[PDB]
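Quick heads-up: it's one chain on its own, the form deposited in one PDB entry, in structure tokens.
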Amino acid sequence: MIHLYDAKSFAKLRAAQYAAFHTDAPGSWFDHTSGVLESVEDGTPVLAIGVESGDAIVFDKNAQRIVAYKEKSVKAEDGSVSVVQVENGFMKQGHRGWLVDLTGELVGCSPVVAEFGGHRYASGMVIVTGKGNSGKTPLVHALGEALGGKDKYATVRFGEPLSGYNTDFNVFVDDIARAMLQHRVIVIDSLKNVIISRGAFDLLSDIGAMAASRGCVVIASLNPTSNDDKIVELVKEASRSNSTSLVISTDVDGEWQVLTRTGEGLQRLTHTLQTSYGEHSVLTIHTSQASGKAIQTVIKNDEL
């Protein structure tokens, strides 16, 4: 909805956003939203995501598709009215994204999703990219395990010429919706095939906000390697504007750079990561700050 502010309320909002990243217990936001989703009336639509055609499919709290739901409205705080209607398995009325309120007045946050190796990591979408020899696939799985901490991480596989890989976009959005509804740490291996249909465009522009709203993190690999300034600019834009965080390789093999948006209007943080391989390509991230916009663009150049 829209929000109204004066100097006081705005300063309070910023303090609260700062806290959502810097001081809140890691993963607490996810726990809170899990509670909100579970308190929902059975059969109530909680998430709508766009399929390839641009239409949207809707899911309930248990990640089951809602095929028929008769028009139902809800008047919000600002007076606006929210409407949701599902017919023949497709949203007739409503919008893409969370269909129930998880944040409230607390918007524009990058809820700390986890802490690892002395660094806090944000929820939302993390795009892993860059050129060079450092491998991306091993990196997303290592990050997924690290941020997962005590919990297992969920893996969504898409568009690779390997066994068992789904290559259908509509099955892909279904897997992603189920993942965000049920797990805090999510790995997506290969955003490459989405990179374009309407559903693919909706996904790039929606996923970061969906995840951040949920308090979960979606770690997605994205290879720039494609000397086609049409697609490459799309890769840089997705990394610059649709990603909550960015993990990009450097000049040194095994070394990565993490750029994190800490919240609405807040500064971006940066830290380095060292890694090494064990058996069967299993990667390990070794354990034992503020960066300017000009610097951000410098890193974006790496993908050219």
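Under this definition, the rigid core comprises the largest set of C-alpha atoms superposing within 1.5 Å between the forms. One rule holds for the numbers: they count along the sequence shown, beginning at 1. Shifts are known only where both forms have a C-alpha.
Handout entry: Unmodelled deposited residues between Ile195 and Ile196, binned
Key = According to the record, 10 or more deposited residues lack coordinates from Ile195 to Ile196.
Exercise for the section: State which stretch shows the higher mean Cα B factor in the entry: 202 to 210 or 99 to 107. Expected result: Between 202 to 210 and 99 to 107, it is 99 to 107.
Handout entry: Average Cα temperature factor in the PDB entry - higher stretch of 69 to 77, 134 to 142
Key = Comparing averages over the C-alpha atoms only gives 69 to 77.
Problem - Maximum C-alpha temperature factor, selected from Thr284, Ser288, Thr23, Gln17 - result: The C-alpha B-factor peaks, among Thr284, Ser288, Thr23, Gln17, at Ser288.
Practice task
Sort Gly148, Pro224, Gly117, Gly159 by C-alpha B-factor from the entry and give me just the highest.
Solution key: When the deposited C-alpha B-factors of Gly148, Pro224, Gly117, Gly159 are compared, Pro224 is largest.
Handout entry: CA B-factor placement of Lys300, once the chain's modelled residues are sorted into thirds
Key = Answer is highest: the recorded C-alpha B-factor places it there.
Problem - Chain-relative CA temperature factor third for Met1 - result: CA B-factor rank for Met1: highest third.
Exercise for the section: Taking the chain's C-alpha temperature factors as the reference, tell me which third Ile57 falls into: lowest, middle or highest. Expected result: It falls in the middle third of the chain.
Exercise for the section: Just say lowest, middle or highest third for the CA B-factor of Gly278 relative to the other modelled residues in its chain. Expected result: For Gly278, the deposited C-alpha B-factor lands in the lowest third.
Handout entry: Ranked against its chain, the third holding the CA B-factor of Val232
Key = Its C-alpha B-factor, which the entry lists for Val232, ranks in the highest third among residues of this chain.
In what follows, reference is made to the form deposited in another entry, a form of this protein that is not presented.
Practice task
Once the rigid core is lined up, just say which one of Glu264, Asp55, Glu255, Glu237 has a C-alpha that travels 2 Å or more between the shown form and the other one.
Solution key: Of all the options, the C-alpha that shifts by at least 2 Å belongs to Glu237.
Exercise for the section: Answer yes if the CA of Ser134 moves 2 Å or more between the shown form and the other one after aligning the rigid core, and no otherwise. Expected result: Yes: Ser134 shifts by at least 2 Å between the shown form and the other one.
Problem - Core-superposed comparison between the shown form and the other one, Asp228 Cα displacement 2 Å or beyond - result: Passes the 2 Å threshold, so yes.
Handout entry: Comparison of CA distance in that other deposited form with shown form for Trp256, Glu233, at least 3 Å
Key = Result: closer.
Practice task
Looking in that other deposited form, decide if the C-alpha atoms of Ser205 and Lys230 are closer or farther than in the form shown; they differ by 3 Å or more.
Solution key: Residues separate in that other deposited form, at least 3 Å farther apart.
Problem - Core-referenced shifts between the shown form and the other one - contiguous stretches of at least three, CA at least 2 Å - result: Those runs whose C-alphas all shift by 2 Å or more are 132 to 134, 227 to 238.
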